[PDB]
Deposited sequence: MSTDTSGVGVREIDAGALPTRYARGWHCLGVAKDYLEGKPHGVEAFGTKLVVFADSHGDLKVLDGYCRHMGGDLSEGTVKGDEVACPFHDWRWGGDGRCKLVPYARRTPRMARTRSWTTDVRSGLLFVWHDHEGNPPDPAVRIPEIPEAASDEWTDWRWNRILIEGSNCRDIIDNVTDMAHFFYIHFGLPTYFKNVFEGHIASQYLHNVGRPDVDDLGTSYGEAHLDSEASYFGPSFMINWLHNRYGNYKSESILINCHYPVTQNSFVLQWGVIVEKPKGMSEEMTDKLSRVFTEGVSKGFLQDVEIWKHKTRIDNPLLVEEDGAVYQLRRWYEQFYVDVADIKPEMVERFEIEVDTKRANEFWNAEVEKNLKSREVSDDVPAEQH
């Protein structure tokens, strides 16, 4: 190899997408966690998730209908509540007593739908709830532009390695990482970055390329990352938020999603034109990661240099989600920090940048 497959899917919150796309006003089928899931909303507009296959004789609940607070199976119309309780068998003398299917705990946060997953079958620790993003509810920000792809032939765990790599900021995103720090603690892993645009990549000048980016990116649990993007072109500031999230479909396939909201420029003219530019731009930055992730294997026992930083400590952090809560080791979870020195690399890269535009 590199790498024996996980035997479970990770314990945590997984984002299924934009909440308003699961509300129309039918059930939705999602394949996830090696099964099929049914997603549907209440008569109160509250979102529920169940095993997708009817416990009676196997009808696909996602092919059925919402009737009041229950999804009705397409086959014989039995009625399943968001808590999994069989509420009614319409034509029967006696609805089964205290029957239920598996229900999944759900959370709507920042206009996004999350489901909880735990192999051990325990409910969500309140301590690991996904944070609200205030700007998702601001009329001063755009609303989620959201994308999703299916990646086959790898495990979702392959993509989290990005948290820890300073050097790809140059080769993949075409900037110069001038500051690089990782923090792991509890259920959160973070990356803090200062990045400068490269002069040799067509937005130079001189005196007219020169974006500076300050980035904080955090994983809140195993699968969901918020990235706060503050960049500048001199004195022109722009603010954005990129969501990088995934959920496993299989141990060899997963859905990768990304969303972007931007602080609307005031403005102007509508000003939608310029927000599309800001959005498509963060989107293209994400898509440069996808190109790599799409054509790469995971390396279980990597050849590492000092500049790799905290690769092992990050993999140790991520293990916590795959062990029973009772088996979590201090060192998975205790505060770890590392600043990666980017000064030699930056002098090498500036030399290569210089070398390139001397032509």
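So which bits of the deposited sequence did not make it into the model?
-> Going by the record, the segments left unmodelled (no C-alpha atoms) fall at 1 to 13, 283 to 284, 375 to 386.
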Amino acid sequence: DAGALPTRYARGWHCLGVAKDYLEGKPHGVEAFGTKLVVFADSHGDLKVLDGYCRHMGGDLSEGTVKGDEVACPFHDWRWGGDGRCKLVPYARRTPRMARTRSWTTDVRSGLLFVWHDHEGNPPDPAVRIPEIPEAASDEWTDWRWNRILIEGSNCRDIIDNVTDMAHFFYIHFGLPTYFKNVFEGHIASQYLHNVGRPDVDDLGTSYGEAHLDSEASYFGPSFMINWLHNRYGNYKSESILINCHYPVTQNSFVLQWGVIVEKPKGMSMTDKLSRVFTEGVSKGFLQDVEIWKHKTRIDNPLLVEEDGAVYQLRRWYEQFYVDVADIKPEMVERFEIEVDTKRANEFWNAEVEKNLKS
From here on, numbers count along this sequence of modelled residues.
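Mean C-alpha B factor from the entry: is it higher for 17 to 25 or for 343 to 351?
-> Averaging CA B-factors over each stretch, the winner is 17 to 25.
Stretch with the higher entry mean CA B-factor, where the candidates are 244 to 252 and 272 to 280 = Of 272 to 280 and 244 to 252, the stretch with the higher C-alpha B-factor average is 272 to 280.
Whose CA atom has the top B-factor in the entry, of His168, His117, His76, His212?
-> Among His168, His117, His76, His212, the highest C-alpha B-factor in the entry belongs to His212.
Peak C-alpha temperature factor (PDB record), options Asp161, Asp83, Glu185, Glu152 | If I rank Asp161, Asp83, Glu185, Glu152 by C-alpha B-factor, first place goes to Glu152.
Report the third (lowest, middle or highest) to which the CA temperature factor of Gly58 belongs, ranking only the modelled residues of the same chain.
-> Its C-alpha B-factor, which the entry lists for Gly58, ranks in the lowest third among residues of this chain.
Among modelled residues of the same chain, the CA temperature factor third for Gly45 | Highest third.
Going by what the PDB entry lists, where does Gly221 fall on CA B-factor within its chain: lowest, middle or highest third?
-> Lowest third.
Among all modelled residues of this chain, ranked by Cα B factor, put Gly111 in the bottom, middle or top third, i.e. lowest, middle or highest.
-> Ranked within chain, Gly111 CA B lands in the middle tercile.
Could you tell me which third, lowest, middle or highest, the C-alpha B-factor of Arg93 occupies within its chain?
-> It falls in the bottom third of the chain.
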